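The next block holds one structure in the form of structure tokens; read it before the comments.
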Amino acid sequence: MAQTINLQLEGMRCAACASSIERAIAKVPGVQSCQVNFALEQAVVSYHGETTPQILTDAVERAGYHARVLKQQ
């Protein structure tokens, strides 16, 4: 459903590897909004159809980069 994960994006440092995440996730059937900040390390994406797949993570691994929680709270 519309269910947007906001998180920090780890190992990030160079190349097209940032927005090449968003442009790959644009093929996920549950994609309804993507944004990444290649200066303050966040992504925000809702990308979940019928369910939440591990493809949520795979589409960061494809960049050389890892998914982590942003947090205090």
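Lettering and numbering for the structure tokens are positional, with chains as A, B, ... in the shown order, residues counted from 1 in each chain, and ligands counted from 1 in the shown order.
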
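Within chain A, DSSP run on the backbone puts these residues in strand (DSSP E or B): residues 5, 6, 7, 8, 9, 10, 31, 32, 33, 34, 35, 36, 42, 43, 44, 45, 46, 47, 66, 67 and 68 of chain A.
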
Could you write out that same residue set with C-alpha atoms as a PDB file, in the first residue's frame?
```pdb
ATOM      1  CA  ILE A   5      10.013   4.261   4.428  1.00  0.00           C
ATOM      2  CA  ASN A   6      12.320   7.166   5.373  1.00  0.00           C
ATOM      3  CA  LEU A   7      15.891   6.050   6.176  1.00  0.00           C
ATOM      4  CA  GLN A   8      19.668   6.760   5.819  1.00  0.00           C
ATOM      5  CA  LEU A   9      21.729   5.482   2.910  1.00  0.00           C
ATOM      6  CA  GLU A  10      25.098   4.086   3.877  1.00  0.00           C
ATOM      7  CA  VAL A  31       6.334   2.569  -6.209  1.00  0.00           C
ATOM      8  CA  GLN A  32       4.266   5.698  -5.431  1.00  0.00           C
ATOM      9  CA  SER A  33       7.002   8.300  -4.543  1.00  0.00           C
ATOM     10  CA  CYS A  34      10.859   8.299  -4.462  1.00  0.00           C
ATOM     11  CA  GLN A  35      13.271  11.009  -3.149  1.00  0.00           C
ATOM     12  CA  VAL A  36      17.020  10.719  -2.165  1.00  0.00           C
ATOM     13  CA  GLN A  42      18.368  10.172   3.473  1.00  0.00           C
ATOM     14  CA  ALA A  43      16.064   8.374   1.158  1.00  0.00           C
ATOM     15  CA  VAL A  44      12.247   8.424   1.391  1.00  0.00           C
ATOM     16  CA  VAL A  45      10.251   5.874  -0.678  1.00  0.00           C
ATOM     17  CA  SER A  46       6.893   4.124  -0.686  1.00  0.00           C
ATOM     18  CA  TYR A  47       7.485   1.080  -2.901  1.00  0.00           C
ATOM     19  CA  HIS A  66      23.358  -0.094   2.409  1.00  0.00           C
ATOM     20  CA  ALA A  67      20.003   0.735   4.027  1.00  0.00           C
ATOM     21  CA  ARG A  68      19.958   1.978   7.689  1.00  0.00           C
TER      22      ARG A  68
END
```

So that I can see what lies close to region 19-25 of chain A, please list as a PyMOL selection string the residues with an atom at most 6 Å from it, counting only C-alpha atoms and leaving out residues fewer than 2 positions away in the same chain. chain A and resi 16-17+27-28+34+59

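DSSP, applied to the backbone of this structure, assigns alpha helix (DSSP H) to the following residues of chain A: residues 19, 20, 21, 22, 23, 24, 25, 55, 56, 57, 58, 59, 60 and 61 of chain A.
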
Find, counting only C-alpha atoms, the residue in A:29, A:18, A:73, A:40 that gets nearest to residue 53 (chain A).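 Using only C-alpha atoms, residue 53 (chain A) sits closest to A:29.
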